[PDB]
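[1] so I've got this experimental structure, pasted below with the sequence.
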Amino acid sequence: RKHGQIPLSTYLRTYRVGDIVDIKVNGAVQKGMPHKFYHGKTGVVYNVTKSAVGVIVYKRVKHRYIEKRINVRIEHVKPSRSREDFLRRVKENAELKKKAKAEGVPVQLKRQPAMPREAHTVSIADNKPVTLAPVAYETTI
Amino acid sequence: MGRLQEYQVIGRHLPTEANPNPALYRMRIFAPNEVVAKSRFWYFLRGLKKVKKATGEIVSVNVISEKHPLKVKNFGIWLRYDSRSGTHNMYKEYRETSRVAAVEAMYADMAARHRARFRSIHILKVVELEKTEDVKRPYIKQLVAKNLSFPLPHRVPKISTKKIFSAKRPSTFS
Amino acid sequence: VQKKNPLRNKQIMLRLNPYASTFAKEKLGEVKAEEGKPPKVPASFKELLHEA
Amino acid sequence: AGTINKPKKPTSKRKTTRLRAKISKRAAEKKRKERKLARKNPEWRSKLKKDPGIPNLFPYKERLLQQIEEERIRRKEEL
Amino acid sequence: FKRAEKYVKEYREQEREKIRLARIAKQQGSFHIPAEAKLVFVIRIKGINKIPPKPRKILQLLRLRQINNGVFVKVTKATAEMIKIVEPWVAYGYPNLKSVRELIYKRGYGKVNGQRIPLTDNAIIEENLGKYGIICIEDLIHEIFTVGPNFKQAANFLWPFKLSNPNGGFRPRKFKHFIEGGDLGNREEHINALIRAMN
RNA sequence: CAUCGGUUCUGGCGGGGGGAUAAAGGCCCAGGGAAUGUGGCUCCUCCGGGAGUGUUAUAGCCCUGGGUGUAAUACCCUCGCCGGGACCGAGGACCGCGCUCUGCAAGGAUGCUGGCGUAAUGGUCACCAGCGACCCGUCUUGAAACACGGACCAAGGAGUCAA
């Protein structure tokens, strides 16, 4: 963040209740800051006002968590892409499942982690292997 | 370092969109088994190039058998080893019948003479001395001598350890 | 009342796997490979094998 | 020294448990102090390591120099 | 009977297919990289004393709560990281068909209502895994070996194997990596000799 | 003792597969090469042997390619078969899964035989032998040590009752 003028698209983001947003405190504007802690934290919008939003964070105290409701201005909040990977996945999976049910053939419905690679053939034509010593001979020179 | 075998290990970096055909790297590694051979391959390849096991693959592992194990040969081994001072070169030679036997004898000899373990010895080159004048160390220059005939004085006879008592004093002349 | 090893008791083996008798009779553990003259190894493979 | 005819008091090699524990603790503290002095050391350390080189007693050092020759020539021609 | 005949034929065809592909690649002047192993057999070889909480939790999630307990694990990054963390306590590798069938024949126990019931009949497997198509001991071995769609259900139905100590013993220094001269870590296809000694 | 079941130790035999379809190696074929130079020739000699010469001769060796050859063997993996030994016999009509289906090695040991019928087995006590084994409480502190109590025995002896 450079010194000077705040970019104006901060004011053009539309905020609704239930949205997942993070708190990035802008040092330029002093009004509407949260505490020092609750900076860089992500929470749920529960109340939207004319120029600020209410965010639900869960602080930890001793051996338990306490719900906290904070009123932070739109200048210090930013939309969070934490559930972007969920919304894109649910739309893609919904339309793919509809298409698969229409076609008849079932498809993979769950994301799969990194499976081991299958067998394949590597040709040595024009890619003949070079022999390496434990130390490079140019380095020994 | 055990019953050693020599392995051709060819590996490469994983193919990406930028490099569809990465270069193949081949090494000759003396290891007891294929797991140790591939581990030493990844160690030496991490020492030279930007390839590690998580970003590369082992293309081939092949046992390199000796062409003539029944022919007595002289081998020159050029190696580097780690001491408390640092890295040092040694060139040594061994009169054996195979490269793996020469390397095993080298490992035993370096352990005996300089207390260097498998972790601190790098095998840089193993060559066959095709001619007699390539022999430089006196202990094999004395073995390649013309008409090498010697006796075996003071040979203790091989007596079974379970036979505790003998009735005559053994002779050491056979 | 007693667990019996199928690898020692043949009756339990034939109870769990009816194909064990057919396997032993047809000698499916001693199947010979397919016949045919094997082509020799290319010389380039041996050159790469014995390349110093 | 008249050691054979009149030996002196023998030096015991049998270790004391207290002594071994103290020596182990002192060794651990020396390792820690050496780590601290290595982290705070201002003496210069070269990133590159000096190459030990090729021994003169190696009989095919000529031949090694040759494939180094056409290797660097082929690299320069390809580059 | 017909299913077991099909499975034996399938095993023979897969082995001959791998050998044939390797030979054809070698003859055309290339290298056939075999497929990475999809199945490992993990044996806990260290005790339950003085263990950090994260490896302890991973060893409980792998159902390795006793020394000389073995489980079948499908290879994926998610389990591979876990096995990497618990490497100082376990030895793992790639089992073969003989190892799998001998393990499930001799030390095959299923979990029925939270109870360890020996696999002395195909009927028990038929009630507890017939909804996935596994109705016999040969089909259970096939699913475990080939890592089918119901590998999770088969492996969870199988109780953790309680192996004996190896015949012939371990290496002289056991709690050390197999590459270094010990027994911990991935020994790859050398797990079969350990399974013969322990089972 | 025989026939079995469970667990386990150990020995041998018959096969199958893989790799450079092991690598070698033997017997042939076609080339090339050298010395720790064979025969021959020459020169010295104590004539016992050395020195020089050159590529097989009156020995041989190495390197390359081909045939036998899909040779054998080593190593690894695997399918079975046959012995030798130890420990154990839980349950007590049938039911079940099965198979080689008149029956069975199939949801746990029976059949035959011998000596004795009593201190023979077994048990208790005393002693010897092998191995193991610091004196109990309390207190301290994180603990030990120190410190405190203990000559022995019998009886008495310390969280009770009311609100």
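    Cool, the structure landed. Numbers count the residues shown, from 1 in each chain, chains lettered A, B, ... in the order given.
[2] tell me how far the longest helix seen in chain A lies from the chain's centre.
    Secondary structure assigned by DSSP state H gives helix A:84-103 as the longest helix of chain A. Distance of helix A:84-103 from the chain centroid (CA atoms, centre = their mean, to the nearest Å) equals 20 Å.
[3] same thing with stretch B:8-24?
    Counting by CA atoms, centre = their mean, stretch B:8-24 comes out at 29 Å from the chain centroid.
[4] quick one on the thing from earlier: residues in contact with the longest helix of chain A?
    Here helix A:84-103 makes contact (CB atoms under 8 Å, 6 or more residues apart in numbering or on different chains) with A:106-107, A:109, A:111. Placement of C-beta: from N, CA and C, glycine included.
[5] got the residues of chain D near chain B?
    D:49, D:52-55, D:57-60, D:64 (CB under 8 Å from any CB of the partner chain).
[6] recalculate using a threshold of 10 Å.
    D:49-61, D:63-64 (CB under 10 Å from any CB of the partner chain).
[7] same deal with chain A?
    A:117, A:120, A:122-124, A:126-137, A:139-140.
[8] might you report the residue contacts of the closest residue to chain D within chain C?
    Going by CB to the nearest CB, chain D is nearest to residue C:52 of chain C, at 9.7 Å. Each residue near residue C:52 by CB atoms under 10 Å, 6 or more residues apart in numbering or on different chains is listed here: A:131, B:28, B:125-128, D:60, D:67.
[9] for residue B:88, pull up the helix or strand it's in.
    Under the criterion DSSP states H and E, the helix or strand holding residue B:88 is strand B:87-96.
[10] leaving out the residues flanking it, which one is nearest to residue D:59?
    Nearest residue to residue D:59, sequence neighbours excluded (CB to CB, 6 or more residues apart in numbering or on different chains): residue B:134, at 4.4 Å.
[11] which pair in the residues of chain D next to chain B spans the largest distance?
    The largest distance within the residues of chain D next to chain B, taken as CB to CB, falls between D:49 and D:59 and amounts to 26.8 Å.
[12] so the two - more neighbours on which side?
    Taking residue D:49 and residue D:59 together and counting by other CB atoms under 10 Å in any protein chain shown, residue D:59 has the greater number of neighbours (17 against 9).
[13] thought that one was touching residue B:77?
    No - using CB atoms under 10 Å, residue D:59 is not in contact with residue B:77; the gap is 12.0 Å.
[14] joint contacts of these two?
    Residues touching both residue D:59 and residue B:77 by CB under 10 Å, 6+ apart: B:91, B:93, B:127.
[15] the first one contacts residue B:129, correct?
    Which is residue B:91. No - using CB under 10 Å, residue B:91 is not in contact with residue B:129; the gap is 11.6 Å.
[16] element containing the most centrally placed residue in chain B?
    Centroid check for chain B by CA atoms, centre = their mean gives residue B:103 as the closest residue, at 1.3 Å. If you go by DSSP H and E, residue B:103 is part of helix B:99-114.
[17] restrict that helix to CA atoms and write it as CSV.
    The C-alpha trace of helix B:99-114 is given here as CSV (Å, rounded to 0.1, in the frame of the first residue of the first chain):
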residue,chain,number,x,y,z
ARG,B,99,34.6,-53.4,-10.3
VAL,B,100,32.2,-54.2,-7.5
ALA,B,101,34.9,-56.3,-5.7
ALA,B,102,37.4,-53.4,-6.2
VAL,B,103,35.0,-50.9,-4.7
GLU,B,104,34.2,-53.2,-1.7
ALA,B,105,37.9,-53.6,-1.1
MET,B,106,38.3,-49.8,-1.4
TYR,B,107,35.6,-49.3,1.2
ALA,B,108,37.2,-51.8,3.6
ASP,B,109,40.7,-50.3,3.0
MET,B,110,39.6,-46.7,3.5
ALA,B,111,37.7,-47.7,6.7
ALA,B,112,40.8,-49.5,8.0
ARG,B,113,43.4,-46.9,7.1
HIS,B,114,41.6,-43.5,7.4
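[18] report the angle between it and strand B:87-96.
    130 degrees (axes from the mean of the first three to the mean of the last three CA atoms, to 10 degrees).
[19] okay, buried residues for helix B:99-114 please.
    Neighbour counts using 16 or more other CB atoms under 10 Å in any protein chain shown place B:99-107, B:110 of helix B:99-114 among the buried residues.
[20] show residues contacting it.
    Helix B:99-114 has contacts (CB under 10 Å, 6+ apart) with B:1-6, B:28, B:30, B:64-67, B:69, B:73-77, B:79, B:81, B:83, B:88, B:90, B:92-96, B:98, B:116-118, B:120-121, B:123, B:126-128.
[21] among the residues you listed, name the buried ones.
    The neighbour-count test (16+ other CB under 10 Å) marks B:1, B:4-6, B:28, B:30, B:64, B:73-77, B:79, B:81, B:90, B:92-96, B:98, B:116, B:118, B:121, B:123, B:126-127 as buried among the contacts of helix B:99-114.
[22] of the residues you listed, which ones also sit close to chain E?
    Filtering the buried ones among the contacts of helix B:99-114 for proximity to chain E by CB under 10 Å from any CB leaves B:1, B:118.
[23] now do the helices in the chain.
    In the absence of a named chain, this looks at chain A. With DSSP H as the criterion, chain A has helices spanning A:84-103, A:137-140.
[24] that's the wrong chain, I wanted chain C
    According to DSSP H, the helices that chain C contains are C:10-16, C:20-26, C:43-49.
[25] same check on chain E?
    In chain E, the segments counted as helices under DSSP H are E:2-28, E:53-61, E:77-85, E:97-106, E:122-129, E:137-146, E:151-157, E:191-198.
[26] can you pull the buried residues of the fifth one?
    The reference is to helix E:122-129. Under the neighbour-count criterion of 16+ other CB under 10 Å, helix E:122-129 has E:122, E:124-125, E:128-129 buried.
[27] do the same with the third one
    Neighbour-count burial for helix E:77-85 flags E:79-80, E:82-83 (criterion: 16+ other CB under 10 Å).
[28] now distance to chain C too, for those, in a markdown table please.
    Supplementary listing: the buried residues of helix E:77-85 in a markdown table, determined by distance: CB to the nearest CB, whole Å:
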| residue | distance to chain C |
| --- | --- |
| E:79 | 30 |
| E:80 | 32 |
| E:82 | 32 |
| E:83 | 29 |
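[29] who's in contact with residue E:43?
    E:64, E:67-71, E:89-93, E:160-161, E:163, E:183, E:191, E:194-195, E:198.
[30] next, check those against the strands and list the overlap.
    Those of the contacts of residue E:43 mapping onto strands are E:69-71, E:90-93, E:161, per DSSP state E.
[31] among those residues, which two are most distant?
    E:69 and E:93, at 15.5 Å, using CB to CB across the ones in strands among the contacts of residue E:43.
[32] those two: who's more crowded?
    Shown here are residue E:69 and residue E:93; by other CB under 10 Å, residue E:93 has more neighbours (25 against 20).
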